[PDB]
Amino acid sequence: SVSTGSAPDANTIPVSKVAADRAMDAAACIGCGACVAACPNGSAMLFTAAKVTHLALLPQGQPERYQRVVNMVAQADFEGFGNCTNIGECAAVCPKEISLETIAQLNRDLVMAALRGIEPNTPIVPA
Amino acid sequence: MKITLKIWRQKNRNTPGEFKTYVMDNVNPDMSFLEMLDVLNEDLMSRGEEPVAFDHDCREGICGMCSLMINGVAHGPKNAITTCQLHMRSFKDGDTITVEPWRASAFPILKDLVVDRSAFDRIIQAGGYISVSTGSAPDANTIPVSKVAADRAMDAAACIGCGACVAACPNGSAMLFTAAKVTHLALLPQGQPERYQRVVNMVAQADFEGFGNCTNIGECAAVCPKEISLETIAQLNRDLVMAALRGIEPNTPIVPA
Amino acid sequence: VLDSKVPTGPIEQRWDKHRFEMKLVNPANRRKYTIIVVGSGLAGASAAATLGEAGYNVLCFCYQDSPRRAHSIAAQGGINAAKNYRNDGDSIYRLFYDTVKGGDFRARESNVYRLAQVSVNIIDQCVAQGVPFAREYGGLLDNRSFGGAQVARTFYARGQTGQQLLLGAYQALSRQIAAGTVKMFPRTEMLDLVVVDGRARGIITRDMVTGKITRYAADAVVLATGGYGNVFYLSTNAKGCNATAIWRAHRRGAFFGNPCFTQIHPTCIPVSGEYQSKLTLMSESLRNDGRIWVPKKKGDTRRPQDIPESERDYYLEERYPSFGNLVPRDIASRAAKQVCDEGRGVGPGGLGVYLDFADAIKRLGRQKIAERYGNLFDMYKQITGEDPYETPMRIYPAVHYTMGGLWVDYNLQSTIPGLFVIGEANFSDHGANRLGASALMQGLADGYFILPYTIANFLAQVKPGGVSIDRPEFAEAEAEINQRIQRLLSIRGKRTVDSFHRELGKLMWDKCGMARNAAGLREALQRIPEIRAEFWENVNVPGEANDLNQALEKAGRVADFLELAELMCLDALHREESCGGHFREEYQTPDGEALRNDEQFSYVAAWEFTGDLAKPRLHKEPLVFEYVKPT
Amino acid sequence: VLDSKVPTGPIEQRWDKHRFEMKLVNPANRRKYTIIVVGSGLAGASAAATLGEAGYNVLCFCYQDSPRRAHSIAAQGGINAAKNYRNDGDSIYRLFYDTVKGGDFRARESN
Amino acid sequence: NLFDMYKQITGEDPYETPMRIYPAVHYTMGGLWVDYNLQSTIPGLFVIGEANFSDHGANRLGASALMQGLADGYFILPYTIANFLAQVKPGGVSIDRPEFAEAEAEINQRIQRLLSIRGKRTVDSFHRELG
Ligand SMILES: Cc1cc2nc3c(=O)[nH]c(=O)nc-3n(C[C@H](O)[C@H](O)[C@H](O)COP(=O)(O)OP(=O)(O)OC[C@H]3O[C@@H](n4cnc5c(N)ncnc54)[C@H](O)[C@@H]3O)c2cc1C
Ligand SMILES: Cc1cc2nc3c(=O)[nH]c(=O)nc-3n(C[C@H](O)[C@H](O)[C@H](O)COP(=O)(O)OP(=O)(O)OC[C@H]3O[C@@H](n4cnc5c(N)ncnc54)[C@H](O)[C@@H]3O)c2cc1C
Ligand code: SF4
Ligand code: SF4
Ligand code: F3S
Ligand code: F3S
Ligand code: FES
């Protein structure tokens, strides 16, 4: 949630090369939805996990990360996707080879947010 | 409204005080408590007696120097407000209102209802700040502060330094004030470099100034005009535990000038 | 003659050029100079903290219990800066242009540009100090739009931005007090200025707990003592706000720059009787979603919600159909005062007008109006006992800000060498009308980024020390103060101090208020000496001098006010034009706006104390506008 | 006739000068205006997002399934900036000169 | 990455066989003429990105189309569109105006005519001939 014109200098916050590489691995998600299609539960776990991991691995995504995951997960529940039985077909059919480590990162983030008592916001209603 | 006031009258620090009874035949319900005190002061001046002295600047519940123990509750019966924000409609006709200063060892009484709250100033002086000089600050948007952390730090930072927490605390402790400042500076990144030192120093200063300990009673939060929660005290406790784990020891206490 | 000492060349480089050309005091030598700072507000605390950080010996004074109790913790609105964080076209030049045009072209351009240029550093320093400004969900700062600006350039810390700004300045001051570079003297009121060999070389103060009269000597003196808006008895200022310091300096040789420039707040909670002297400032955005009216019949004892729409005199709608219900604060407040003076009786004492939100509540959502004005409605219901959701809210204008004060040059120095005036106590950058969020910016700018340079420039050209408190000038000032205090205590008259202050404030509000004319100002100039003589012959100040005598403090403040008001009325009479807050009824557009005379009144009026209160000497400081052309 | 409406004076201050001299809509009044944005590529998405941040009512359109599907997504090479992070002589003037000379002097210099 | 993508698309490894390339039109520096305010000849119509002519002249430098698009979206159009809008009154035009009806009728007639031709050639055939 950064508006235009308020950004500091690009080099102000150092992001380690490994964290940037992992965030680019997660951010390389074309939104095709093949993870939902090959998931036996019809779950958006890989897509949500990829976005959550991409934003969580950078220092700019920290201030709202533990809210974000909860909200995003809630939205995936509201939209009508299934749950993650950790089957792993999503990573098998992912065009961009997004790993299940993204789902583990989302799980860690959601556990930590539950420890912080983070409550999901009102879901995004279709227009 | 007909209102009887039993007001503490003390000549100075050394002279013992006593309760004096003043009857006001016509009291406007819209009149604030301090305005009623002012009317009584004018009546006393006309009658040749000594007007009652009390502290007041803003009459808005923001500066903090209004400090009265009214009927046993700091800042009057109504919570989340100050003495200046208290209006006589909160009382009834024929009521007897007992007006007192703060009673604390570290808040010496200088006059009828005026106390000396410089111990709060010395607690602030003992590290209740961020040691940043003028001209060295980076760009304002360099360090991101989350909206929740900023909101909590504003909840703690909204402390008017009235001292009602010390007054209503049965031990006479400044733990709500110190905890509010510690939580305000601890919740922001700019306060990270000194926080574990700061808390210890501030806590030590509260011990040096002559305040009591925190039995976790909670009257401070009950009478706080700004509704400062006891979570500030929990945050200060966590900070002090972590600083003790780090071996942080207090500096020399701030001596009164 | 007045030397503004402004730099030359392009206005963008004037401050940098001046800073390079200023003299400097070495860090080793700074310990050899003493600076007295009377005042611990935003300007006072920032200046004392920054000069202690530099290395000077600072003697800071305030009449409050603590430095943090100073005024401008009550400042609810945010603080402006030209950071362009909202990507809406704001810039340093745009802020400078907006401040020059808002002040109605009555201020020096260089000072305004310097203020707009250092606002960004002000915000950087405030954020670094831990001021909890509003943030958005991404972690970065949040801006909101203030009055007088079409950009969102205001940084705010909830509804108490001034409190957090002064808390940061006070934490810096506490750091310097702990370091030993600043000596703080709370509950100490400066009562005189000691000028030795033409330089402001000290002050004479009274400790208002023990009554002790003390003399302090310093190499420089700074007067960050706030405004004089309590010359009008009913005002939005704190109860202790006064003009004692600046009036003593004026009598000592400091020129008063535009004393008649007073600001008002349109939306203030009215008073419940003659006892009340303070009007609580409600946000003036309450006029955006409310309607101003009074009953057509003066003796309408019905409840305001029961009065029919046809039986409501919605003035500001029938009168001034153009810009209806959003008329400028001056026109709307003048109409409100005229309506209340005609006699309506909608308030306790009849001073008030119904700003109702009933049609706004029906048109909008009560939830949305709550999200807009929840704290405002809660505060109004606490003070008045009436819910604005059902009952119409009552408002009444009150004097808010004083753009006037002691005349200062580009170096923030008065006409007395060594006497620097910062904050609201000087004229400086606001011209004839202070923009919103500009006084906090001006105080913090003066304290942090201007006075540390100019006071060093002054001190580098003089020798440290050399003046002690045993000099004859200190003895004369102390004797004058003691004689004044003894005379005030010895009158034993029949009237109280607040009676005289109320009479003075009523006269100043009626004659030298929002609407001013030559006949009314001359009547006030006749009446002020009469009230002053009645004060000095018939005032009751009980108690002793060597005691906590609050009546003595009030008596001294009113004694200074009675002299300052004559100068204010003289300046208002002299300025035969309307500019910003200063309004003359015979100089106005048909729409009711101010009508400036830029050919004959495009200057700063600095008034010199000649020893006669009725005949001060006028010094014009011409105004030249090279970048923002008057229109 | 075509009016380029480019500002005058030095080219370094032309954009700042134009930004100062151009009119503004108050943050309160931005809700009264409607802006249609046909396109959700880099320009389209950035413009719609920035105008929504300002406060305007934005109507954004795209012919694809999602706004993220615009062929700006297909760009492989990086994005240029005159930050001189490599200490190699790059500057705003150098980037401007390189873009003017690369386009074979067929574009307005101010843009 | 390039060799892997080429081997995926063509089925030939470029480490042993020569790769095949052929020129193709990539960018259009042309488009609707815009002034310094990114506004076209029509008032109120702003063109940004590749759809306008703007900053590239006769040849677009590398990494400049992304730069131009992001610049127009973020830091130029928010100022110029505000400049245009501040000089006009908000609202005042609804979709029931005759101009909307004429444009909608033109679009509907074009669509019906396109569907009603029922010729012997496909759309891609004509596009291929034109290209
Ligand atoms: C309710 C309210 C809201 C405001 N909101 C805003 C806002 O949003 N934005 C804005 O820009 N401005 C605002 N202002 C105006 C401005 O911020 C303040 O009014 C203030 O005057 C500016 O700060 P200052 O330091 O110059 O003055 P002050 O803070 O008033 O400085 C006074 C200081 O001098 C000391 N002092 C005074 N006289 C003496 C004496 N004789 N002896 C010793 N010490 C003395 C006092 O103890 C105190 O420390 C507001 C004003 C009010 C009343
Ligand atoms: C394969 C490829 C590689 C490239 N590599 C680079 C590179 O390395 N560096 C570089 O600088 N540039 C590169 N470019 C060019 C650059 O990506 C584009 O020029 C740039 O994205 C144009 O900006 P835009 O905002 O118009 O984006 P676009 O994606 O072109 O915007 C088109 C948008 O408009 C919508 N739209 C279009 N027509 C209609 C319609 N009739 N109705 C409704 N919506 C409509 C679309 O749905 C889409 O959202 C490349 C382009 C391609 C194709
Ligand atoms: S399959 Fe992979 S690339 Fe496609 S939407 Fe799922 S996570 Fe994204
Ligand atoms: S913590 Fe609350 S009660 Fe204690 S001084 Fe601060 S505002 Fe007053
Ligand atoms: S296959 Fe299904 S069970 Fe989870 S890991 Fe992928 S969504
Ligand atoms: S009431 Fe007293 S016991 Fe502690 S929590 Fe507050 S200081
Ligand atoms: S008088 Fe300021 S808080 Fe009460």
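The chains referred to below are lettered A, B, ... by the order of the sequence lines, with proteins before strands, and numbering in each begins at 1. These numbers come from the heavy atoms of this one structure, side chains and all, not from hydrogens, waters or symmetry mates.
If you measure heavy-atom distances from C:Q163 to chain B, the contacts under 4.5 Å come from the side chain alone. Contacts between B:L86 and chain C at a heavy-atom distance below 4.5 Å involve the backbone alone (N, CA, C, O). Contacts between C:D65 and chain B at a heavy-atom distance below 4.5 Å involve backbone atoms as well as side-chain atoms. Heavy-atom distances place no part of B:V148 under 4.5 Å from chain C, backbone and side chain included. Using a 4.5 Å cut-off between heavy atoms, B:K181 touches chain C through its side chain atoms alone. Using a 4.5 Å cut-off between heavy atoms, B:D38 touches chain C through its side chain atoms alone. For C:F133, the part lying near chain B is the backbone, with the side chain staying farther off; criterion is any non-hydrogen pair under 4.5 Å. For B:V132, the parts lying near chain C are the backbone and the side chain together; criterion is any non-hydrogen pair under 4.5 Å. When heavy atoms are compared at a cutoff of 4.5 Å, B:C162 approaches chain C solely by way of its backbone atoms N, CA, C and O. When heavy atoms are compared at a cutoff of 4.5 Å, C:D547 approaches chain B solely by way of its side chain, counted from C-beta outward. Neither the backbone nor the side chain of B:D112 comes within less than 4.5 Å of any heavy atom of chain C. For B:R117, the parts sitting under 4.5 Å from any heavy atom of chain C are the backbone and the side chain alike. For C:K183, no part lies under 4.5 angstrom from a heavy atom of chain B. With a 4.5 angstrom heavy-atom cutoff, B:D155 touches chain C via backbone and side-chain atoms both. Heavy atoms closer than 4.5 Å to chain C are found in both the backbone and the side chain of B:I160.
The residue among B:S46, B:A257, B:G161, B:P51 with the most heavy atom pairs within less than 4.5 Å of chain C is B:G161. Contact count against chain B (heavy-atom pairs under 4.5 Å) is highest for C:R69 among C:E53, C:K239, C:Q171, C:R69. Contact count against chain C (heavy-atom pairs under 4.5 Å) is highest for B:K147 among B:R59, B:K147, B:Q190. Between chain C and the residues B:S146, B:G191, B:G128, the largest count of heavy-atom pairs under 4.5 Å involves B:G128. Most heavy-atom pairs under 4.5 Å with chain C: of the set B:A150, B:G127, B:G48, B:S133, this distinction falls to B:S133. Between chain B and the options C:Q160, C:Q164, C:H71, the largest number of non-hydrogen pairs under 4.5 Å is found for C:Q164. If you tally non-hydrogen atom pairs under 4.5 Å between each of C:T384, C:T496, C:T280 and chain B, the highest count goes to C:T384. Each of C:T210, C:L141, C:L167 has some count of heavy-atom pairs under 4.5 Å with chain B, and the biggest count is that of C:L141. The choice from B:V145, B:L188, B:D30, B:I130 that makes the most heavy-atom pairs within less than 4.5 Å of chain C is B:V145. Interface summary for chain B: among C:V127, C:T50, C:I383, C:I123, the most heavy-atom pairs under 4.5 angstrom belong to C:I383. Each of C:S66, C:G162, C:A551 has some count of heavy-atom pairs under 4.5 Å with chain B, and the biggest count is that of C:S66. The candidate from B:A140, B:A153, B:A157 with the greatest count of non-hydrogen atom pairs under 4.5 Å with chain C is B:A140.
Ring pair B:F177/B:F120 is parallel by interplanar angle, where below 30° counts as parallel and above 60° as perpendicular.
When side chains are defined from C-beta on, C:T181 does not count as touching C:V58, because their heavy atoms never get closer than 4.5 Å. Using a 4.5 Å heavy-atom threshold, the side chains of B:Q85 and B:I62 count as separate. The side-chain heavy atoms of C:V539 and C:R495, taken from C-beta on, include no pair separated by under 4.5 Å.
Judged purely by distance below 3.5 Å, without hydrogens or angles, the side chains of B:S32 and B:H87 never pair a donor atom with an acceptor atom. Side-chain N/O atoms of B:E194 and B:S131 include a donor and acceptor closer than 3.5 Å. One side chain, C:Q382 or B:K78, offers a donor N or O that lies under 3.5 Å from an acceptor on the other. Residues B:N12 and B:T15 bring a donor and an acceptor atom of their side chains to less than 3.5 Å of each other. Using modelled atom types, one finds no donor on one side chain facing an acceptor on the other under 3.5 Å when comparing C:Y275 with C:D498.
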| request: Run the numbers on C:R394 and C:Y380 for side-chain contact (heavy atoms from CB on, under 4.5 Å), then give the verdict. | output: CA-CA 9 Å; C:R394 288 168 299 114; C:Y380 185 86; 3.3 Å; yes

| request: Quick one: do C:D207 and C:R187 satisfy salt bridge (charged side-chain N to carboxylate O under 4.0 Å, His left out)? Show the steps, please. | output: CA-CA 6 Å; C:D207 176 35; C:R187 286 220 215 261; over 6 Å; no

| task | With salt bridge (charged side-chain N to carboxylate O under 4.0 Å, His left out) as the test, would you mind laying out the steps for B:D116 and B:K111 before giving the verdict? | result | CA-CA 10 Å; B:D116 192 90; B:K111 206 71 198 319; over 6 Å; no

| request: Apply salt bridge (charged side-chain N to carboxylate O under 4.0 Å, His left out) to the pair B:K11 and C:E544, showing each step before the final yes or no. | output: CA-CA 12 Å; B:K11 202 170 305 157; C:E544 291 287 73; over 6 Å; no

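For C:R153 (side chain) and C:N143 (main-chain N/O), no donor-acceptor pair under 3.5 Å exists by modelled atom type.
Between C:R557 and C:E189, at least one side-chain N (NZ, or NE/NH1/NH2) sits under 4.0 Å from a carboxylate O, which counts as a salt bridge.
Cation-pi check for B:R122 over B:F208 is not met; the charged atom does not lie both under 6.0 angstrom from the ring centroid and within 45 degrees of its normal.
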